[PDB]
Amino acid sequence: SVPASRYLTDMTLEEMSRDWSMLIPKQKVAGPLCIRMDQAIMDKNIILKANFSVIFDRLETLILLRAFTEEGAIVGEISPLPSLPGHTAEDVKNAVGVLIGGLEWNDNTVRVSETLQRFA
């Protein structure tokens, strides 16, 4: 029936590990998370994809979230700060709202993945 443990991965290893750059860097520390977005991306359709675990039917831990344009380019990210001990599901939901908002300020249309719709 319901596992009440899974690890959901929207991204391949290649996506997770790919090198990317922001033409106009915007960065904000959101508790234990780091939010990054290229201030130069505008009027695009963007898809937020994530790797994260769940327990119960609920998001538990983010591993990594990257923002991709329709052409597959990376223009934002949410990630745990390597220094530090972890985060809760709520830090995660707040970091996402903060990123969606940042990208909408610049006239991007922002969608999230289905796994995200479902748990986050």
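Numbering starts at 1 and follows the sequence shown.
Looking at mean Cα B-factors across 58-66 and 23-31, the upper value is held by 23-31. In this entry, 106-114 shows the higher mean Cα temperature factor of the pair 13-21 and 106-114. Ranking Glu71, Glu90, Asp38, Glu77 by the C-alpha B-factor listed in the PDB entry places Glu71 at the top. Among the modelled residues of its chain, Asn51 has a C-alpha B-factor that falls in the lowest third according to the deposited record.
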